[PDB]
Protein chains: 2
Amino acid sequence: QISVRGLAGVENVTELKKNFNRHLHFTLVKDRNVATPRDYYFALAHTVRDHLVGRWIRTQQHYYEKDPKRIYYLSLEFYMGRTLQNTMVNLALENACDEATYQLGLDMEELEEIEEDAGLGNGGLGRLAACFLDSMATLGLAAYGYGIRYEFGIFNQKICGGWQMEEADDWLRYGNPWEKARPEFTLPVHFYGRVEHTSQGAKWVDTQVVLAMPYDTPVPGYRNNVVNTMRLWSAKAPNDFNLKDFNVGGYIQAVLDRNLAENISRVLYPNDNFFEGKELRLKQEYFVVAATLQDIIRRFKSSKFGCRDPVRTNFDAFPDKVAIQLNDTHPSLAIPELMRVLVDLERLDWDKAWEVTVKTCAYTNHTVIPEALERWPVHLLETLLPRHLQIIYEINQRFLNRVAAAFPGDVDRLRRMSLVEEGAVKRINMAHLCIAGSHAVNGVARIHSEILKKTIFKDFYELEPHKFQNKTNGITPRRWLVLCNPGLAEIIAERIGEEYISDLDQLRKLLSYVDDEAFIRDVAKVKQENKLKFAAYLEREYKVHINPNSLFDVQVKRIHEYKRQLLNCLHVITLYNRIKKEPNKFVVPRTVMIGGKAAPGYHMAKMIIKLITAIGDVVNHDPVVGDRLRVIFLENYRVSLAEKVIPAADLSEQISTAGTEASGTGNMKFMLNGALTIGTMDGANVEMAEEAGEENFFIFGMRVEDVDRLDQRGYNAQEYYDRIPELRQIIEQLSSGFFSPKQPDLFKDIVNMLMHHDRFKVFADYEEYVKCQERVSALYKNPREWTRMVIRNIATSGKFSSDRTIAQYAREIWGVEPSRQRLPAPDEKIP
Amino acid sequence: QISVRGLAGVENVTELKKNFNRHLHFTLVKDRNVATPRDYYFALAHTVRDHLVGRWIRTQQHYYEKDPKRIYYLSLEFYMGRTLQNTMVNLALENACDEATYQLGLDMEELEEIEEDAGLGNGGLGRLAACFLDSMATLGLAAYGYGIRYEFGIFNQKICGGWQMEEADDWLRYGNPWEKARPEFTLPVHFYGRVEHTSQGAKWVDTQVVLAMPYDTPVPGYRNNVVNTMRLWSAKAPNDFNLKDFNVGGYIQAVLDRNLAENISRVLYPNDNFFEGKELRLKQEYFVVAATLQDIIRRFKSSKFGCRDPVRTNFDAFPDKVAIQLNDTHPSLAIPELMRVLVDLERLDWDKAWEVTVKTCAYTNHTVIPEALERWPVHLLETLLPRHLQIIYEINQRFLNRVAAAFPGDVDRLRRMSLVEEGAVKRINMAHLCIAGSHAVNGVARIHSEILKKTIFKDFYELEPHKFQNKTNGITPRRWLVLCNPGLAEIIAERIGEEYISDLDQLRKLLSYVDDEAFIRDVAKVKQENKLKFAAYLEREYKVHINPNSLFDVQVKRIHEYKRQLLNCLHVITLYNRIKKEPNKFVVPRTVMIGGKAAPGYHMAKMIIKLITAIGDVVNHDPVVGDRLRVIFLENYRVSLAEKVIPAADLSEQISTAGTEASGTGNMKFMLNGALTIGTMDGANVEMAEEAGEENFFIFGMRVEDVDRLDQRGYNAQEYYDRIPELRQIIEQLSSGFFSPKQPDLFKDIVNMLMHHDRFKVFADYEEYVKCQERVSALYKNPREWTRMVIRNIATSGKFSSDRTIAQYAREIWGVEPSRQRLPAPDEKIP
Ligand SMILES: *Cc1c(COP(=O)(O)O)cnc(C)c1O
Ligand SMILES: *Cc1c(COP(=O)(O)O)cnc(C)c1O
Ligand SMILES: OC[C@H]1O[C@H](O)[C@H](O)[C@@H](O)[C@@H]1O
Ligand SMILES: OC[C@H]1O[C@H](O)[C@H](O)[C@@H](O)[C@@H]1O
């Protein structure tokens, strides 16, 4: 018994070894004597991909025969991570491949580490899209992920001298065994041009043509023979005009300029919760909307309609056949674009086309911070997409009339609700477009959904209350438990069975073992084993040593002023300062691991990375501290690293100023993997504590009320500085170079900011946070009672499955029903 | 009996059908109901490539075990054409695949047409390299083709309004089933930088790094189980400095600028026999030399030396293990580069390193016209490659001293021989570098080799006569007979057997059937069948009809003033004019097909294409002419088209001014495919007539003597215009717009040129050429005697095999022996 990673059966280990050898010779064109671990990794990736082309082809032909309502998940990000082990888990192949490669004399685990991550996402939003795709295929939905196939994903972070160095992520350098290019299905996307109003229609004329080429990646559900499709577009120059617009320039130059159109899919924008109004971003945005909508209408034009039905292309049933989800406002151009095709090209009247558009679209909002909001300058939309600016002015014109009629005489409302913002440069507010042209708008945790209805989209909720919904986020139990933490899934599965992997509410049944002494030791034992293995990985891939017997205090997520890595930093310096003061007083030892990426242009986030490494230089070399405290910055945090750190954490840091994190999902990953949370009543932390009970959680701080009371009052940090000696001491340590000796003024920007422009009021939660941290160390010191609380969190985390989330989107926004029904085998077949 | 395209055996047609179906499902991820002809083409290309990975792997391990002298053929061009049928011919797979796909219900021939050509060549030089690679693998040589993997090959030509329109050749748009990327083996190439002279060596410091990534394509020999390798390099940005040279620009821009380094392999230069001194061409040139030489020295450092031998890396045996052939001066930077590594990096003294360099390198010259010669400006070499300019000045310094010592006091010689040319801008003459640093220099036909020794490299021949050699070009009997013309190879094979495919001298034995009446009808019958099939292809892919019963008069090659498409044009207008004069007088009917590509910037060549289409507009629409004369411009001439036209020709036009075409190979292709040649005593036409006897050939014109007598005299075209009424009439037809009605002055440049600056003296051969053409029509009118002459040409064409050429390079330049010895099977094997 290795774990329940499937049967390592006799006819099938022999099958896998035969095919491994076919692909090393025939695919890789290598022989055993010059094959490296990477060639071995590829022979395995190809052998495993062979088991899902069967199911893929019959899942796709199936939706064609039966023709269900189809769900299009449009996102500019998909943060997939590595795909070999996930595919093995979902096909029940993991133990047979483990035995087979072991027989070939190889370590599967060594080979798995060779796979480069698909890092086509920034953080939270992109990873929600990967967890969503997994759950839509597990629930049997005829669902399609649609996005851009970026050839450079999020940069790989290097720390040089304590500073982040960004370098290009050439994830495709060696190939991608999982995608299937589909150049047969390329589609044109148009840019610039102008509009001729001619007799029976506006026409978009004189456009530049970029071609969008598909690449399909299979999305397997968990053990049900459904393999859905993630289609990702590549930009390609036409070979005509990008060459045959003639009369001198140069032939070589005309060919070399082809990579002007192909730059559109070259690199992801590295910004998490921050809007950059660059023209290339808008081009990326129109490009995935333009091409996706052609693929969508094509499938509807076949359906059972391009056969018969009423016979007239009656777009009336388009909403009963199509649901498109907008993942944030990044694909909001899908609303004027679907209006353009229907009015200009299919020739429907405005009001029929508008009824159809709003009934098929729906919008997920992901943040309330204002700098994250997309507000595109009109002179940009004007130049680039002139017909869509006209459709946005007419949507706007008609929406505000509906507002006028309902709130008569309320003239500030009208200017407030406008999709057009006057000012310095006029802008189009993409979030207002999405509520006007969607039938459902949702937030991503119950508090955030309430804050949208009460603050940011209040006027919109008073006008159309029925659109506003909530759908709390989730995580997939398959990568985020079964795959990163097989030890924990075994000891759970020993007691309650394996049906919980697709029914996570069943973890409630673990609550009757909260006093079972074998289970308490087992739960404690795997956390000890994970702590040992990450501690080893650390000296392997990156180190100068840690202590597995300390509390592993970890905060890993994007670096942001609202997620508050500086509040954690202030806490760490307190601990150091107190044991410099009382050296021979025992304290619970901690390894505090802080990791994440800062966007290239966010100078404060880049300075926060420099402060964490500077605290670590001092703390990790004090001889009086010894092993009692280490501070480690976790380099190049990404999906595959999160699969390693989150099993080995004891304490989860979820420290954002109440009202700023819309949900968070890092927090959920840590709850089913046996970590306890210290956190504010923010995002989904509220529903997590409500699920485990506030006594099984360490909440501190200001709630949203208190944040607004303080803002009515006026936040003044000098008051905190004046009343708290310990906090006072830290700041003057920063301000004199204790932490930056050669360069004493280095941290003047963090100090100036914290003292004078702290938007997320870090000092207001400092006392309650160090006092809360005093209570978790007290519980760590009582192992039996830490593990019984941990068992309260694991057992109560199944609400937070993305299968719960997807079944509610499916039921209350998409109008389709989940099915955990196994599709009729893979079995062979050629027709 | 289909033809002798191999056995369509029982266990093997079932084998091929099984594998076709495996790849359509598993590789293509398609099912029979949505698979197009292209998906079918790919299932076949993958099934056939599976039969040569076995042989490839054992051919490569073999040279490793036995370790022979290895031949590196360095060329900036490889004009490969399509590779499926060729591979099928060489593996004896053609009939089994024909039966197998027929059983699957498909037409192999329809699928073969779907393959896009690998057009990584311009014409003559690049196609010689593809014919050379075929013959080196058929003769069992441990040989490597080395070049640039261009992603845009030679442009696809469109005629719009009679004008050439150039468009990009995206030959990889759909994939290439034949290459195998080898990113594991990438190598750095350095650019710009500077030289520090430091204590014990010059060092090239501060360089930009481009990475060269290999892609290997298999080269199968004819039926012998040898599969050699064509390695082709791709340019790739490093992800460090092309990003981590820091302090503002932009992160997105730094990633988008990666395609500055990757532009180096983006597009072939479309110039045939013309030098453009562009910096990107030099970068292309240093890049294939830099990376190839690293791969070469690596293999020598293992050999049996990196095991033992004397034990010291004694580069003395480097010439006994390495031979590199330079295909024209385009890889001449291989001589200062191999000196740089040996002196600077391996630290040999100058004179030992120079002895080794000259003993391993050899240079093929391909043309005597001066504008084709590479003469790179010193300020270019200075900037880009500063260490190599220093090595070229020291090679030069020492070479001219050897010249001084041998020709004492001859000071004009010294300036004449110099690798450095003073003048307006100093330049480095790349051809003089190649003779100074090569042990053999050869030309490509016996006259051209003599003209090199007598005119262009006379000083160099007086100094070192032993270097100058001749190696007349050849064509491969496999694509150029067995593959384009299976009908002709069958009727030959019926009489004399199949050993001639690798022993083409055996075609002499056909001479005893010159009076066999069955053979005369058969030879005539396949030419009739080919004429019928190209005439059909014409209305299929491109037309408004031709007559298969006319003489197919075809001139297909690059458009150039020296290859003289205008002399053919003058001839065509004469024929038209004479039958406008005597309408009811019978003449032998002709379809004259002129095709080829003009380089983008060669305005006269582009105007010659416009004149041929304008003659065709008039001639093809005269009702008095009827079918007696049609003029057709053959669009987008390339390798796969040449495989179609050359079997269907009756008359081969090889009309270049004596002394300008160094060899020609189009002429050889036409001699083994049953076409008669009208031609001047130029290039290899001389050795062809000498092989078939001048009575079996239609030679006309000025010989080289006469060209030089006329140049001593002074060529004056007005004299020709004054004495020949028929030629006079044509010119004034051009000069008044008979051929360009709306735009009468359109052809003033061709007339002005012909009259005043004709470098290739088109009018001097006009009388003798129309008079020679009068005699071929007279023989066409006597079918039995045309076919008996045709049989004199086929039977005597085996000198012109590239296997004869390669066995003489091999013996008299490379020092290795051919072997037609079948390598021990494909048979399976895993070690
Ligand atoms: C889940 C995940 C995130 C989201 O974490 P939060 O705490 O919600 O900000 C970001 N990055 C990675 C690699 C993740 O796996
Ligand atoms: C062989 C070949 C050439 C060379 O023809 P020449 O008559 O020697 O100039 C050029 N183009 C193609 C496509 C060829 O096959
Ligand atoms: O919705 C997925 C994630 O999107 C964004 O990253 C939000 O900041 C985060 O709170 C949320 O959980
Ligand atoms: O050597 C191959 C060919 O190279 C060049 O194209 C020459 O012009 C031609 O005469 C020769 O046959």
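Convention: sequence-line order gives letters A, B, ...; per-chain numbering from 1. Note: hydrogens, waters and symmetry copies are ignored here, and every other heavy atom, side chains too, is used.
If you measure heavy-atom distances from A:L280 to chain B, the contacts under 4.5 Å come from the side chain alone. For A:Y174, the parts sitting under 4.5 Å from any heavy atom of chain B are the backbone and the side chain alike. Contacts between B:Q60 and chain A at a heavy-atom distance below 4.5 Å are absent for every atom of the residue. Using a 4.5 Å cut-off between heavy atoms, A:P831 touches chain B through backbone and side chain atoms alike. Contacts of A:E262 with chain B are absent, with no heavy-atom separation under 4.5 Å from either backbone or side chain. Residue B:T27 touches chain A through its backbone alone, counting heavy-atom pairs closer than 4.5 Å. Neither the backbone nor the side chain of A:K278 has a heavy atom closer than 4.5 Å to any heavy atom of chain B. Residue A:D170 touches chain B through its side chain alone, counting heavy-atom pairs closer than 4.5 Å. Contact annotation for A:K236: only side-chain heavy atoms (C-beta onward) come within less than 4.5 Å of a heavy atom of chain B. Neither the backbone nor the side chain of A:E276 has a heavy atom closer than 4.5 Å to any heavy atom of chain B. Residue contact with chain B, scored on non-hydrogen atoms closer than 4.5 Å, is absent for A:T186. Neither the backbone nor the side chain of A:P238 comes within contact range of chain B, judged by heavy atoms closer than 4.5 Å. Both the backbone and the side chain of A:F26 have a heavy atom closer than 4.5 Å to some heavy atom of chain B.
Residue with the most contacts toward chain A among B:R49, B:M165, B:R22, B:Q61: B:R22 (heavy-atom pairs, distance under 4.5 Å).
Residue B:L256 holds its CG atom at 10.0 Å from CG of A:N259, rounded to the nearest 0.5 Å. Once rounded to the nearest 0.5 Å, the distance linking NZ of A:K30 with NZ of B:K180 reads 8.5 Å. Taken from CD in B:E167 to CG in A:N239, the straight-line distance is 4.5 Å, to the nearest 0.5 Å.
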- request: Dump the intermediate steps for side chain to side chain contact (heavy atoms under 4.5 Å, CB included) on A:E184 and B:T36, then the final yes or no.
  value: CA-CA 10 Å; A:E184 324 83 267; B:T36 57; 5.6 Å; no
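Under a 4.0 Å N-O distance rule, the pair A:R58/B:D31 does not qualify as a salt bridge. The pair A:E151-B:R258 does not count as a salt bridge, with every side-chain nitrogen at least 4.0 angstrom from each carboxylate oxygen.
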